[PDB]
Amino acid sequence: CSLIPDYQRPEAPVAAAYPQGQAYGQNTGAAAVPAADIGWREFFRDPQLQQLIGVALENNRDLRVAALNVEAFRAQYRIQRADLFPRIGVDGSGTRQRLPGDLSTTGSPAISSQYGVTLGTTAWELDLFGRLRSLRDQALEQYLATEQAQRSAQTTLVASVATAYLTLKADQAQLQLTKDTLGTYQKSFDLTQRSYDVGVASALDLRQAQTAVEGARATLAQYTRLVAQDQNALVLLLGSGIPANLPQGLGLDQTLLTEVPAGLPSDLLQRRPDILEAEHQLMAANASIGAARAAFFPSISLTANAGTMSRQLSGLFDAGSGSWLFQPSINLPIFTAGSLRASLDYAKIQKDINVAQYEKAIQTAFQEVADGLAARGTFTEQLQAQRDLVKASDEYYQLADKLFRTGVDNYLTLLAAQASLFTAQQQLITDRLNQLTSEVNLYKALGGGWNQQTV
């Protein structure tokens, strides 16, 4: 029989609904198709990104280690499941000993000999009180936990590839913007040099143009480096080189992601892989309490073989030399100086530790999803404000330029307007990147992209 305690899922120590406030929209509530069911093929619209995610799914080495781990823990479960059954082997044994007279059978010193070849089992533990089965069930729960760990690793890898691709694309946009602004500054500096060679443009205007040109050159080199390093990061995350015939990707100003629902927090318990990993770890910890308990009950062992035995090696397998052995044992502990009780306390404390860690997994998932929702409820406003700021700075630069052709202004206000426009556009690229990254992380936290197509 089995001494495992009944397993009861701990209550989620999180609020019943995601936090509401100035940064949060209205709670959508229960979703018909939850985020974890929305495949990454549908969440990510960019087909090049989809083919890259597929390349990573099939070539990233960390995900490969995760899948191998599932296989190893399945082996371990299988090793524990086998230990229930008697191990049956062939045993060849010989014994040849000299013995002094007071211990020999003859009364004088003697050389005795004995030989046997038997088929049987030694010290087989008859799982009467479920110790071995408890250990099997803990192995099984740790294996299910490893499976959930693989699914979590995949969601992590998907989000990592998306973020690497988006970061490379954003830095490529920054590089292009810097190229355009450097070309503008270089044209302006050459015109100002020609106007200074004729005594019209002052040295002040020329030096300010030169500062603008050098600053743009330095930022150009910086973003050139960042673009190459983002390529390297993406190649590492893919586990393979970038394919040559990739489909056409979408630019940052397109709709790149599907707006995934928030759902209820409780959905996480059933749909977020690392929470299910935590829960299977807890169910294993619980399973091991059965073993700790079974130790106090009687242990039943059996040693049994059948085969041939003889005093002479020449008499083996020979008619009239058959032998067999049946040897049962029971052991009931009485006194261990508190050992068995301390072992059971250990088992119980382990269950408690796993309870705390499952609860902490739930709280961490809640915090990550609430942070994603606070980012969803504010990046739209911040991006509208940043688009309006880019527009207003462009209007101001165009007005200063239309005033410049009629003189009036000096060659400082125009450079200031251009610098502010460049900074505003860099910040707009960065903000778009941050909004896309927050949305990807929210998809991951809700249940991620374990599915390729939507279930």
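From 1 onward, residues are counted along the sequence shown.
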item: 424-432 or 64-72, whichever carries the higher mean Cα B-factor; value: 424-432
item: Selected stretch [higher average CA B-factor]: 235-243 or 334-342; value: 235-243
item: Criterion, highest CA B-factor; candidates, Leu119, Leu383, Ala164, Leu302; value: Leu383
item: Largest Cα B-factor, entry values, listed residues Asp102, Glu368, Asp180, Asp352; value: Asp180
item: Third of the chain, ranked by Cα B-factor, where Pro298 sits; value: lowest
item: B-factor third for the C-alpha atom of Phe379 within its chain; value: highest
item: Modelled-residue ranking by C-alpha temperature factor, third containing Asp267; value: middle
item: Third assignment of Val455 from its chain's C-alpha B-factors; value: highest
item: Modelled-residue ranking by C-alpha temperature factor, third containing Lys187; value: highest
